[PDB]
Every structure is written in C-alpha cells, then in structure tokens.
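Below: the structure, in structure tokens.
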Amino acid sequence: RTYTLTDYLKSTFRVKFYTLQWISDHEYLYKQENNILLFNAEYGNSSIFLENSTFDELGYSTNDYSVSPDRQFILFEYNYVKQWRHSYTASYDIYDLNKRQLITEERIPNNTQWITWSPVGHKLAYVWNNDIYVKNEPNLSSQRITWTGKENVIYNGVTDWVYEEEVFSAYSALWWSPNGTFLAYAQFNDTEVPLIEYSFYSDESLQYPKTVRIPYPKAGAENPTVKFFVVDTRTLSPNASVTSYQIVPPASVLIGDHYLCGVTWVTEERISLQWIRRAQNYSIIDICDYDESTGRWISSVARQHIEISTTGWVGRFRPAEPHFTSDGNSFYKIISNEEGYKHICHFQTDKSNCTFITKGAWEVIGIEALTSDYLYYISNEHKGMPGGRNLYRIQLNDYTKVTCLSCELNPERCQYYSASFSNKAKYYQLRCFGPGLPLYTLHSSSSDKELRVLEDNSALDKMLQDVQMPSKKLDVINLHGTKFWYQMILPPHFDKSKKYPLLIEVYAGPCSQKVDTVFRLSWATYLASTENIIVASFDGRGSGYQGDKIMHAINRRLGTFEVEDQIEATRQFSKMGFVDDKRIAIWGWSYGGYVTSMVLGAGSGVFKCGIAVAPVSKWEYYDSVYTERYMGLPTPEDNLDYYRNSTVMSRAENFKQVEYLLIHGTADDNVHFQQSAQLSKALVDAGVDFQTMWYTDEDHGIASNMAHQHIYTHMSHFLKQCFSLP
Amino acid sequence: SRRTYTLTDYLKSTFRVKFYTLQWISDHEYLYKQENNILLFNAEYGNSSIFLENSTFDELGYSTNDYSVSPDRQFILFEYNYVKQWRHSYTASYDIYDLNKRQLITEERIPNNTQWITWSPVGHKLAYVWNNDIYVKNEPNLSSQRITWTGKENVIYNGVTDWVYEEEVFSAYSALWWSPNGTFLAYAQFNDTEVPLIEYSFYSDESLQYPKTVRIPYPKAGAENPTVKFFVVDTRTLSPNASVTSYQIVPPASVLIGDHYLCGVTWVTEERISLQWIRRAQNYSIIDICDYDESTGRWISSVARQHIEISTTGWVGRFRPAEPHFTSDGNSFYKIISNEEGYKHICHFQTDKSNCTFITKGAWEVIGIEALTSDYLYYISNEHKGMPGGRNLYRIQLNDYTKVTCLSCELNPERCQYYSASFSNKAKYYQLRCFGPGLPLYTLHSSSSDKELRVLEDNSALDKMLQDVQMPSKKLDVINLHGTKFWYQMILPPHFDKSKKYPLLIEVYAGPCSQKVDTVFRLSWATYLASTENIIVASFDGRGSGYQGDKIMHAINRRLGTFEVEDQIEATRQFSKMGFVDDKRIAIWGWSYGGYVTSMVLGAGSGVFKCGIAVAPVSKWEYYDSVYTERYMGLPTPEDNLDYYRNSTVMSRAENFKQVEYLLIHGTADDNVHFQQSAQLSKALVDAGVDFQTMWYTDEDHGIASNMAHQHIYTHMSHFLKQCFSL
Amino acid sequence: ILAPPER
Amino acid sequence: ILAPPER
Ligand SMILES: *[C@@H]1O[C@H](CO)[C@@H](O[C@@H]2O[C@H](CO)[C@@H](O[C@@H]3O[C@H](CO)[C@@H](O)[C@H](O[C@H]4O[C@H](CO)[C@@H](O)[C@H](O)[C@@H]4O)[C@@H]3O)[C@H](O)[C@H]2NC(C)=O)[C@H](O)[C@H]1NC(C)=O
Ligand SMILES: *[C@@H]1O[C@H](CO)[C@@H](O[C@@H]2O[C@H](CO)[C@@H](O)[C@H](O)[C@H]2NC(C)=O)[C@H](O)[C@H]1NC(C)=O
Ligand SMILES: *[C@@H]1O[C@H](CO)[C@@H](O[C@@H]2O[C@H](CO)[C@@H](O)[C@H](O)[C@H]2NC(C)=O)[C@H](O)[C@H]1NC(C)=O
Ligand SMILES: *[C@@H]1O[C@H](CO)[C@@H](O[C@@H]2O[C@H](CO)[C@@H](O)[C@H](O)[C@H]2NC(C)=O)[C@H](O)[C@H]1NC(C)=O
Ligand SMILES: *[C@@H]1O[C@H](CO)[C@@H](O[C@@H]2O[C@H](CO)[C@@H](O)[C@H](O)[C@H]2NC(C)=O)[C@H](O)[C@H]1NC(C)=O
Ligand SMILES: *[C@@H]1O[C@H](CO)[C@@H](O[C@@H]2O[C@H](CO)[C@@H](O)[C@H](O)[C@H]2NC(C)=O)[C@H](O)[C@H]1NC(C)=O
Ligand SMILES: *[C@@H]1O[C@H](CO)[C@@H](O[C@@H]2O[C@H](CO)[C@@H](O)[C@H](O)[C@H]2NC(C)=O)[C@H](O)[C@H]1NC(C)=O
Ligand SMILES: *[C@@H]1O[C@H](CO)[C@@H](O)[C@H](O)[C@H]1NC(C)=O
Ligand SMILES: *[C@@H]1O[C@H](CO)[C@@H](O)[C@H](O)[C@H]1NC(C)=O
Ligand SMILES: *[C@@H]1O[C@H](CO)[C@@H](O)[C@H](O)[C@H]1NC(C)=O
C-alpha cells in the first residue's frame, strides 16, 4: 500500500512531538493525557502540578494554560476566537493552586485580546477593547492604564494588522520588566490608514452578508503611527495618575516615516529599542537608561547603533534582534559581513564599532542563549549545507573554541535541530526535525549527555514500515557560476529508465528555504507514493541562509530573477533522464503563487498546467511594510516602472498556451481576494481559458477542515487530469 | 451544406438578425433610424421625408445613443454619456435641439448625471429627475422649477424607483406620469430608510487599489420593505415664489390596512386617474379610480369606483395585476383577469359598477390588450391551433362579442406563429412583428384593408448566408403527465437519425409563468450544441409554467422548487425512453431560476443526470428580494410557510450532489441574485465532501454580459458538457 | 428571475 | 507573499 491522499488529509500516520515549558533552570512542565506534570531535569523524577478531570466549569474546554512564574496561580485560556495570523480573543480565569479553588472576585473580561503574567510574581497585565489594565492581584480589581482605545483607530498594547503580520509577528505590544516595575507598551494609530472592505457570509443564518473592514496599508499608502511608552507600575493606585514616559525614536529615523521593530529589556534600568525607517535600509538601536531623579528614560549618542545595507534591505525580514548580557555593557547581534554573510557581531553598548565572533561562507540562523561563559547559536555550517540547522557553542574568551552540541549525534537521522536552553542555560532540549523521523532529546549543558530522550516517533516508524514511502534526494545545480540547491521527492522504487512527471513545488520568496532537511508528510508524499509523480523543489536567486549576494539579488525587481531561474532549474531537471518533457507542472501558494503565475505567463513552454493559491497579482496590492522593504515605493521617483513591469496581468496572452488554476478564499485578510479576482478579469479580457475555485470565507490558509480537504482534492484532480494519470 | 453553426458564430454573432424599430409621432407617421439618420416615414403610401439628417451628430459628447422627439415635433432630445445602473435605470447627459431654428439650446441645459426625463404627452414641456428630485421645464430655453426637495441617496426617491420597484414591481426606472394635456404631473416617492442593505465588493479597474463596496437598499424576503407615496402636482400653480401644490391619493382602507405596493398607474382623462394597489402577500389588488375636484383640488375616491381582484389559489395576475385599458371617455375599461375555470381572459368593467362581464372565453389565455377603440378591441392570445407557445393578433367588436377575427394567424402560417404589434396613436395602422418559428418578418399593415402595405424587414440577408450552413430543427410536441398534456421542445441536430443514441441537454427556466416552449426564432447557444456538437437540447413547461391556465401556473404557490423540479425530472425520464437518446449521457444547465432547478434537480437523487452547469442560481429563497419571493413562497415566518422555506434550499440537498458533476458560475457583482447564494452553496458543498467546479466572473451582473465574459461563460461551459459527454 | 435572454 | 500556516 502507498501513502494515500486520505492518509494525508486525515493524518492517520501521526507525527508525535514534545513541547516544553521552562519555569526555572532545572525544572520544566509537560502535559500527559490532559495532566500538567512538572519535570526536574537534574535527575529524572517528575511531580504532578495539576491532574486531569480537574478541567470543568470552564466554558467549553481549555486550549492553553499559563502557570505564573511564582507558581502560585495559573491561567486557564478558553473560548478561543481566531482573528489573523496570531490575533485571537479569549476568556480567562485564574486558579489558586494553593487555595485549590478558582478566583470568582474581579474576574477577567470576556473577549480579552491579550494577557501575560509578570516576569516574576503574579502581576497580571491584560488588554481589553484596545485598552490596557494591570491586575497586580488575582482577587483584586484592574487598574486601568490607557483610556484611548478605539476599534480600527487607536490600538494600545496590541498590534494592528500590518504590525502583527509583517513587523512584530504577534498580537503582543506589551513588554513587562525583569523585576516587575515597568510595563512598556505601544500605541498604534490607523486613523488615516486606508480600509480594505471584503464581504463575509458566515453561516446560513444570515439574511444579509456582513462586510469586514481592516485598517490595511497597501504600498504607497498611509501607515500607522507608533509611540513607545513605559509605565512605572509602582505609582498605580485608584486615586493616582498613571506615570509614563514616551521614548521617541532617535532623530535619524523620526525625520520621516518609521516602524518600531522590537523591545528588548536589558536591566531593570535599561530598555533597548529598535527603530527602522520606512525604506528598511536604515535601522538604529536606542538603549535608554532610567533616571530616578527625573523619572525619565534618557538616551545618549553613545548608546545608539546603526545598521544599514547598500546591497538591499536590513536583515532577513525585520532586522536582527540584540542579545544583551547581564552586565548590560555589551550585546551580541547578527549583522552582515562585508562579504554579505550574516554572523554574530560583538557590540559594546557605548562603542560604535564591532567585532565578529563568527564568520565564514555560511550564515548564523539565530542566537539562542548567552551565559557568562559561552554563547549558543544555531547555524548551517554543518556539512556545508545551507538547508541544515545545528546548535553550536562559541566561547567569549576564545573565538576559536566553538563546539557543535548537535552535529554528530545522529548525522543521518538528524540534520535539522532546534533548541530550548534552560533559564540559566543549564539544560537544553534539542528538536530533530529531519531528515529522519522527528526525535526530541533532552540535554545537559555541562556533561553533554542525552539524559532522557522523550519522543522518537515509535508510532510513526512502526506504521511506516507497512507502507511504501518515497525518497528525498537533495543536490545542487550550477547556475550563473554559483551552486544553488534543489530537492526531489523521488517516488518509491525510482527507476531512471522510466520517464516521470514533474511537480515544481515553488516558494522562492525573499529569504526562503524549500530545500531543507525536514521530515514532512506532505501532499508531495501522496503525489510521489501513489500517483508516482516526481515532486521537486529549488532554491535559486532570492533565497536566504546562503549569502546576501544571493538574497539581495532580487532586490527592487520582484517577479524577475526568482521567476527566471525557476524556469532554468526545471529545464535542467528536464535534461535529466527521468522527466517527461511533456508532463511538467508548477503549483504555488503566496509567493509561490505569484511566481507560478509569472512562470506560466513566461511563454517558456516548459510548463503545461499550473495551480495557484492566494497569488499576488500586482504588487501595489500588498501591505507596504513588506512590499516597500524589497520593491520600494510605487511612485515614479522610486520604482513605479518595475512595479508595473511585474504584474501577472501583463503576462496574460501567454496564458493561452497553458492551463491554470486560480484558487483563493473569499475572506482573505492578507493576499486579498482583490488580486486573484483582478488577475481573472484580465484573463477573461484576453480570451484565455482557465479554471478557478473560490473558498467561502476561507482565510489565506484555506484551513477549515472540510475546505483543506477540498483544496487538495480539487488540485489533485486538475493535476492528474493534466498529467493523464488514472 | 457542410459548414456548421459554430460556437464562434454565436459569440461573434456572424449571423445578424436585422430588425425594424419605429415610433409613432402621430396616427399615421412614424420615425426610423435608416443608415444613421432619422426619416419621417409615412404609413399611408410609404413616401418617406427626411426628419433629421445624419452627420448632424458632432460636438455632443462622444456619441448619441437615444433620441426623443417632442410631441409637437418642435424639439428633440439627445441622450449621450449612457451609464447603466440596474435593469432599466441609467444616468446620462441630455441636450435639446431646435428643429425650426435648427440650433442647439445653450441657456439652461439638462444637468449632467440625469436619472430620467420625459416630454409632456402634448406640447414640449419637460419633467425630469436629477439627484432623486423632480424638475419641470415648461419651455426648453428657460430655467426649471424644482418640485421635490426630499431626495436623498439610497433613502428618498422622487420620480424614480429604488431597486425593488424597478425590478419586481415596475419593470422600469420612471415614477412619473404626465396627465393627458399636461396639467398635472403625477409621481411617486419612495422612502428606503429602514430597508436593509446588501453589501458586495466591486473591484473596478486594474488601476484601483481598494475595491469599492456597493450598497443597495435591497429588501430581501420577509424583511422591511420600502414605503410608497403617490402625488399629483398641479403644474399650473408652479411659479418661482409660489408653493408646490399637490395632493396625496392613497390606497383604500383595504390595502392601507398594512404594508402595500403601488404596482400601476393609468391616466384616464385630464380629470380622472386610475391607481392600482396591492397588498404584500399580493393575493389582493384593488383599483381606485379618482376624479379631480375643481373647487378643492382633491382627487376623491369612492367605494363605487373601487374594483377588487383576489386569488384564492396564489398571486394576482402573472407578475402583477394586469393593467386596465379605459375607453376614450372613461365610464368603462377592459382588464385581463382570471375566470372560474382558471384562464386569464378579458373582462369588461363598468367604471362605477362591481360585476364584470367576460368578453373572451376558452381553454386559452389572453396575452395582452394591444389597442382599444370605440368600435373594435385588439388583443393577443395563444388560442389559434390551441398551442400556448404561439402568439397571434385578434380584433373583437365591442357591440358584438361574437364577431372576432385574427389579423395574423393565416398570414404566413408556417413562418409566422409568434406575433407582436405596435399600433398607431389612433389604431389606424399597425406594425405586425413576426418573431418565429421561421426567419422574423416585420410587416406593416393597415387597420382597414388588412394588407401587406410594405414589408419593413424580411431578413432576406440572413436567409442567404443561412442556406449554405446546416441548421437545426425545433420539435415542439407534448407528453402526458398527471392526466394533463404539457409542452416540450427539442432543438434536434441536423440530419437527424432516429437510431443513433444522442446526448441530452436540458435548458431550464421553469419559473412561475414561464415559457421555454415557444415558436420564437432564437439563434441560441443550443443552436450550436445541436448544429456543431450533435446534442439534443430540450425544454419543458411543467407545473409552474404560465399562459397555460391558473390551475397549472398556481401549482407552485408556497412550494417553490418542488413541483417544477420534479416535473422536469419526470419529463427528462420520458425522453430517455426514445431510442435516439443516450440516457447514460444526459445533462442539465440553468441561468437564474434555471440554475436553481438545475441544482435542485442534480441534488434530488434522480439518476437521470450526470453533469450540470448552474449559472447564477438561487440557493435559498430567503436570500432573494421580498416582492418576488412573497408573491409565490409567502412569508418566512413560522406562522406562514417557514417550514417549506427551510426545505426549498439547495444547500439542504448537498449530500446528493456527489452523484453528479456541477459547475457553479456566478458574478461577483450580481445585484439581483447576489454572490451570496452561489457562495453559501459552495460552503455546504465543501463542508459535505462534494467535489464540484466554479468560476467567478469579476464585476459582472446577473447577465455576465460584457463582451469578453459572455464569450468566456459559454467557452467555459461548452468544455464542461463536452468532457461530460466524452465528446 | 431570468437573464437578458440574448440566446 | 508570506507562506500558508507554516506547513
Ligand atoms: C418539502 O417538504 C414537503 C413536505 O413533505 C415535500 O412535499 C412532499 O413531496 C413528496 C415528493 O414529491 C410528495 O410525495 C409524492 O407526491 C407526488 C405528487 O406530489 C406523487 O406522485 C407520489 O406518489 C407516487 O406517484 C407514483 C405513482 O403513480 C410513483 O411512481 C411515485 O414513486 C410515488 O410513490 C408521492 O405521493 C408529497 O406528497 C409532498 N407532500 C405534500 C404535502 O405536498 C416537498 O417535496 C419538499 N421539498 C423539497 C424540495 O424537498
Ligand atoms: C463571560 O461569559 C458569560 C457571558 O454570556 C457570563 O457567564 C454567565 O452568562 C450567563 C448567560 O448564560 C449569565 O446568566 C450569567 O450572568 C453569567 N455568569 C456570571 C457569573 O457572570 C460571564 O459573566 C461573562 N463574563 C464577563 C462578562 O465578565
Ligand atoms: C479616593 O479615596 C477612596 C480610595 O482611597 C475612593 O473610594 C472610596 O473607598 C472607600 C474605602 O476604600 C469606600 O468605602 C468608599 O465607598 C469609596 N468612596 C467613593 C466615593 O466611591 C474615593 O472614591 C476616592 N475619592 C474620589 C473623590 O474619587
Ligand atoms: C535606501 O533606500 C532609499 C529609498 O529607497 C534610497 O533612496 C532612493 O534611491 C532611489 C534610487 O533610484 C531614488 O530613485 C529615490 O529618489 C531615493 N529616495 C530618496 C528619498 O532620496 C537610498 O539610496 C537607499 N540607501 C542605500 C544606502 O542604498
Ligand atoms: C523589467 O524590465 C527589465 C528591463 O526592461 C527586464 O530586465 C531585463 O530582462 C532581460 C531578459 O528578461 C535581460 O536580458 C536584461 O539584462 C534585463 N535588464 C535589466 C536591467 O535587468 C525585466 O525582465 C522586466 N521584468 C519582468 C519582465 O518581470
Ligand atoms: C422615512 O421612513 C422613516 C421610517 O421608515 C420615517 O421615520 C423616521 O425614521 C428615522 C429613522 O428610522 C427616525 O429617526 C425619525 O424620528 C422618524 N420620524 C419620526 C417623525 O419619528 C421618516 O420620517 C421617513 N421620511 C420621509 C421623508 O418619508
Ligand atoms: C393571502 O395570503 C396570505 C399570506 O400568504 C394568507 O394568509 C396565510 O395563509 C396561510 C395558508 O392558508 C396560513 O398558513 C397563514 O397562517 C396565513 N397567515 C395570515 C397572516 O393570515 C391568506 O390566507 C391569503 N388570502 C386568501 C383569501 O386566501
Ligand atoms: C492619533 O491619536 C491621537 C491621540 O493619541 C489623535 O490626536 C490623532 O487625531 C490620531 N490620529 C492621527 C492621524 O494621528
Ligand atoms: C447617412 O449615412 C452615411 C453616414 O452615416 C452617409 O451615406 C451619408 O452621410 C448619409 N446617407 C444618406 C443620407 O443616404
Ligand atoms: C419672486 O419672489 C422673490 C423673493 O425674493 C423675488 O425676489 C422675485 O422678484 C419674485 N419674482 C418676480 C417675478 O418678481
């Protein structure tokens, strides 16, 4: 038996995982059949924290839990209502584990947008109807902080659509302080931000359709205005005013339009802010020290650090985060080499220059932990594969004493590794994502032991031996003098003597990685196993983790290089002995959707059919934070020409020579329906025949259980039809 | 004798059907657009004088796409900058042109973005509506005196109609009626304050970065309808510093008792008006004949001049109570109502007496009174040969109901079975438009000699090109069902062999008072699927169809989507017994009501069908406007007929959809059958495991009628059928 | 309610 | 741009 589409849609072959919760530096929390267990890493004993069946009288059921750091109380999140990528409202209660009851006095509002404990204690801080509150005690009331909240206008402490997606990457604009004195927050103003207006039809029980309105800033439009405040939660009584100080960005960024990137807390008297320009090729870090005499968060030109990029933009997406020591007088950051290779650079808090602790022909993916002795980071240096990820450990005293704590544990089963160092970096948990069955291993920083390995996906391995599974081949093709990376889900019992069909699964977005070493039971695993279709992937110009020269190649010309080298990559695959030159397709989603539609309109002839899901049509149709980072401004001064020289509706007459699926959900908050339905309108205006499929009130993911099944079943039918496969 | 009627021949209309449009400025002259100019044709001898020369069109906008001659023939209007609103509504700029002086009017033009305009029936007065407000221009080179001042966008409508009146009640945009001599200016006002708003997005050009959202006061089923007011302005007291004098004629207390609709206005005499109201259920209409009181300026009603029309079996009339035709004096009128046997005939009403006397009777139905004079009455019915699919012109004598003739039956009784006419102002001449079943034949005739006079359009052009091309053949016949005979038609392929099994297509409308089976000439999409694809496309008029009797038509009352859907499944079943039908290759396809039936047919567990395109279907009757859905289905309240509202939804048939194939075509900018209906169909199909296909047509109305999309919808539909017929 | 039946 | 819900 093969790996059927039903095996994928219903996920019968489960991939078990292990999720941690580090409270101290030797204790973490787990969950077992709805039971909250506390593990002591040092030994191997495990004490319970809360038993199953304790869950009752909680609306419907619990979908998250937040033990306060002091482990006195605990939060019970329920009544979950998704919004955007990370936005969600909920209803919360609090459980006093000591008193063994539930607090019923001064309850938490329904429709809470965000909450978080304090770094130490039970100082609860939540946001409700765009407005901040501080409930220092579970049985006490809420001291309101902001009173200016207004839906679609003023956002206090949470993020608006464009911040939550393309800048902060979470609903959270609340940052407490180490010891629980300062609650820093942010105020967003989408007042003059244009509003996109799509329709929503909901259940059958709605005679008239609602119309959703989102403060969405497209390319060249007006953006939200940020203000960064810091509240002294010490002077917080009912009969007293709320003390706060606005740290405005440095004048090298306040000159025009700007964004706020991140808020890092060094010491209790030292906050570290990261402000970037609208062009995202000028970033600055302002470190501001408190002053008990004035009560002001003052900054100086000594604590200001600039980071720009002439080759393109700053960082990978949002710029790189600063990693501050405990002494606070020196931090570590991933900035880009003069050769264009991002590595860890040691910065002094009052010294403008830098000193690189790592460098090479690779790229540091991200810093993970910093101890008075070592420094831990993950990188693709192992075996020189950019598609790999392994944990290292550099020494501050010797920048030549770095050791790979994960490289050669199981270098066949484990080439993709994630981490979770303890509070004081005493114990780290490694995550083997691929290319073998995922392995979840516990580790000790000192003895370098494997202690108690939790998961091995024994359930997966047993079931997968009674099934035929495809193979993954990773290799390199040479384009433009450099060596790019490609990947292929070769079908079971692959024989080069037979000519196979191709599926060019494509993303190739800015700083992308489709060529990885991860275990993924995907749609391709069905297409390769049962229907015997070679599914390939390629990471050419524009991809990341490989070199800024490669990444900042597509800069200010989207729809050109990423598209073009996808055509040459399939042509080189078609010169291989196992590719039906007449049976090759291209299927995409998001940037893979935009590229697929540009590839298909390229008149290359290499491709015959082509599915696209939520595809970008014109770039003047996307949020400015993203589109202006790469494409620039849609004005004649900046890059109007290359904006119009890249719309999919320009490459339409060539669509007459190919088949084309255009899938999209009606209620798309991101890649709006606007793009798909205007690409369609140009296609109809040309005489191009194409099929489509809308998905009712589906988001950008088309992720309702019956719509997800539908989209892969419907795409499978278009694919097998075009491939003349029974 | 080898070319076929290819699809490109339909989408490009390479075979033109010429017409001949004329408008009677008098009782014996008419106008016509001959080779770009306007000739003042004469009906008596045919000699044609030039009215307005061509190339006279310049410096008047980009174009000139309508013309309106002042009744005195002193002035004429130019309608340019056309902008389609809904079905009949549209905005446009207008100019007036001096005919004697042969100049253009410069002082006081007609405002840009006009909504409607009309001359008076006599003279050259000018009433018009601009920004929801009535104006009057008694002379063209003078300024207008604004009449109404309450007009508010999507709230108050003064002189025009909101969406629901334009659609289901009025079938036009205008809510103005000049009196005979132009003394009074009757009009209506519409207050859509509490009417909920359908909201759909509209994307406009590639240029636009943020889609418009269109908002329409659309009263869906069982929701708050608009309010109606009728006024009679006296255009004699219209001075600049004098008040707008007016009276409010109202429905009598029987209709005023609740919600209501103004469904018709008829001017009788300069001092008598005929208003026709109807309740929201629509099984009760009344007429209020109103005389102008000279002392008080009232329009006083009376119980005696009030005639009632009810329907104990459904709705009143066809889609509204039939309009009345008054004698030249006004003491009586002839109106088309239903009798005791359930057949819509002409009844003669004394204006001040209750009972009426029928003047037509039979197992046929009267289509419509076309003209009335003191001696004779002219109407149209499908009595001839007894087939409801035909139309012929009739003349009955007033004093002698016996003497009734047919002006159009045996004229060309093979080429000419579908006839429509437009008489002179005094019925001294008439144009007999012959629509089918052959090539159309527009023939002018005289009231006295009933002769050919002159043939206006014979379409000899089409004949020449169409004898070098193989063309199909309609088979109008009948099949017995429920102890009655219901009609059917099959557009058979050329060179028909009754032994080869042939694939079936079922073009469906099957609406209340519908006609798919007709003797009309129509180069259709099926005309291709038969000539070039060898597919028999049929059509059946079962329970629900009209012009066949109230007993048949009023069979779907308070049960839409039931009898018409099962009757179309039985009728296809009887076609799959004839040896020339590949029962393993039967299809169905529908637009609007068709899309509903098609989908409800595909989801009934028939087994008769295998594929099915549904273009712009209604999926749930609560999703459609109130007037239509309440005329038949009733009210969605649990004390009326909600139970049937809940089992007439296509989404309730989703499980039975995985036995067939399905193509959901719909337009994102449908103001009639909104995208909502197709979209929620998708949702339950998706939520049930039904694999189907879709295709949204961006910025297209309930017709998907823009040139490149009309081509596409039939290019994308042919492929579905072809691949379902393994063709 | 039907299209504009232009067939 | 911006991929579906992770993978
Ligand atoms: C919504 O709900 C109503 C209420 O149930 C429902 O109406 C019912 O529909 C069924 C199916 O059409 C009716 O049952 C049949 O009625 C027809 C005529 O209406 C008869 O022909 C059937 O009798 C036999 O006829 C043949 C014998 O010569 C047989 O070949 C055939 O198989 C039948 O056995 C049978 O009585 C039922 O009468 C109605 N009920 C009412 C009160 O009208 C309606 O169909 C539902 N609508 C939808 C869209 O589902
Ligand atoms: C949050 O959830 C509900 C709101 O419906 C409230 O819980 C109870 O709701 C029922 C309705 O079924 C009411 O009868 C009670 O008044 C509510 N109980 C209590 C103890 O309040 C709940 O109160 C809401 N919490 C808020 C608004 O803070
Ligand atoms: C300032 O004083 C108290 C808080 O310090 C506020 O509320 C009073 O609190 C006492 C006990 O804490 C209660 O018994 C009273 O009922 C509260 N008084 C009122 C008026 O609510 C008090 O309100 C504050 N003063 C003002 C003017 O707001
Ligand atoms: C950082 O980005 C800005 C904005 O994209 C660059 O300035 C623009 O450069 C383009 C180049 O064609 C000009 O057309 C624009 O007029 C410039 N904008 C302004 C406001 O001057 C700037 O050069 C970039 N800096 C670096 C170091 O690359
Ligand atoms: C945008 O326009 C530019 C220039 O017109 C295109 O860039 C050229 O592409 C051709 C082949 O496609 C190359 O031979 C040239 O060397 C390119 N010139 C430059 C300056 O890069 C580009 O392809 C267009 N973008 C599209 C079509 O998406
Ligand atoms: C239009 O209709 C509305 C109700 O259908 C009339 O009544 C007014 O409605 C608005 C909002 O619904 C209220 O604020 C007003 O107070 C209502 N009027 C009164 C007197 O209370 C409204 O008057 C109508 N307008 C016209 C011009 O006919
Ligand atoms: C006119 O139509 C109305 C509404 O459609 C009819 O009233 C309803 O009739 C149905 C069926 O008989 C009942 O189930 C409802 O309870 C009635 N509702 C009301 C409010 O009366 C009415 O019977 C019709 N009039 C005539 C004379 O037949
Ligand atoms: C932003 O909010 C401030 C108050 O915080 C207000 O004065 C202003 O009008 C708002 N709008 C804009 C565009 O700044
Ligand atoms: C009207 O038709 C064309 C121009 O539209 C041209 O022959 C001439 O101007 C006119 N022809 C007549 C009057 O026969
Ligand atoms: C009508 O009344 C207005 C009121 O201001 C006045 O100015 C005007 O002169 C009057 N009309 C005539 C013709 O006098």
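Respectively, the protein sequence lines represent chains B, A, D and C.
Numbering-wise (PDB author numbering), the first sequence opens with residue 41 and increments by one.
Numbering-wise (PDB author numbering), the second sequence opens with residue 39 and increments by one.
Numbering-wise (PDB author numbering), the third sequence opens with residue 1 and increments by one.
Numbering-wise (PDB author numbering), the fourth sequence opens with residue 1 and increments by one.
All residues carry an ideal CB built from backbone N, CA and C; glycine is no exception.
Local Cβ density within 10 Å of residue i, reported as buried at 16 or more and exposed below that
i        : result
B:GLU604 : buried
B:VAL167 : buried
B:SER392 : exposed
B:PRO278 : exposed
A:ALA342 : exposed
A:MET503 : exposed
A:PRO676 : exposed
A:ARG358 : buried
Expected contact under 8 Å - CB spacing of residue i and residue j to nearest Å
i        : j        : result
B:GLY727 : A:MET746 : 7 Å
B:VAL404 : B:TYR417 : 5 Å
Best match in the options for proximity to residue i [C-alpha to C-alpha]
i        : options                                   : result
B:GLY380 : B:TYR585, B:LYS373 and B:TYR132           : B:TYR585
B:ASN150 : B:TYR128, B:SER158, B:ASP136 and B:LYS139 : B:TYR128
A:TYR432 : A:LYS423, A:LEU445, A:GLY424 and A:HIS422 : A:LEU445
B:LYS466 : B:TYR68, B:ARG41 and B:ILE574             : B:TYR68
A:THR251 : A:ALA717, A:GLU677, A:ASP708 and A:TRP337 : A:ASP708
A:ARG623 : A:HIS363, A:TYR735 and A:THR610           : A:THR610
A:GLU177 : A:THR188, A:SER245 and A:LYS163           : A:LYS163
Chain C residues whose Cβ lies nearer than 8 Å to that of residue i
i        : result
B:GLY580 : Those do not exist, as B:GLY580 stays about 17 Å from chain C at its closest Cβ, beyond 8 Å.
Contact list for residue i against chain C, beta-carbon separation under 7 Å
i        : result
B:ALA743 : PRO5
B:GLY549 : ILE1
Within chain D, partners of residue i - CB distance below 8 Å
i        : result
A:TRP563 : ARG7
Partner residues on chain B for residue i, Cβ-Cβ distance less than 7 Å
i        : result
A:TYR566 : Ordered by position in chain B, no residue passes the 7 Å Cβ test against A:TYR566, which lies about 17 Å from the chain.
Listed by chain order, chain A residues near residue i by CB distance under 8 Å
i        : result
B:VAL233 : In chain order: nothing, as chain A lies at least about 11 Å away.
B:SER51  : Chain A residues near B:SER51: none, gap ~17 Å exceeds 8 Å.
Contact list for residue i against chain D, beta-carbon separation under 9 Å
i        : result
A:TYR666 : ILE1
Contacts that residue i makes with chain B (C-beta to C-beta distance below 8 Å)
i        : result
A:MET733 : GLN731 and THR732
A:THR736 : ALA717, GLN718, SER720, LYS721 and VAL724
> Which of the residues in the region 696-710 of chain A, read from start to end, lie with their CB under 9 Å from any CB of chain D?
Replying inline: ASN710
> Looking at chain D, which residues of the region 625-645 of chain A have a Cβ within less than 9 Å of any of its Cβ atoms?
Replying inline: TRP629, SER630, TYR631 and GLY632
> Using a beta-carbon distance cut-off of less than 7 Å, what residues from the region 238-260 of chain A approach chain B?
Replying inline: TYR238, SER239, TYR241, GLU244, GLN247, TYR248, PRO249, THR251 and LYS258
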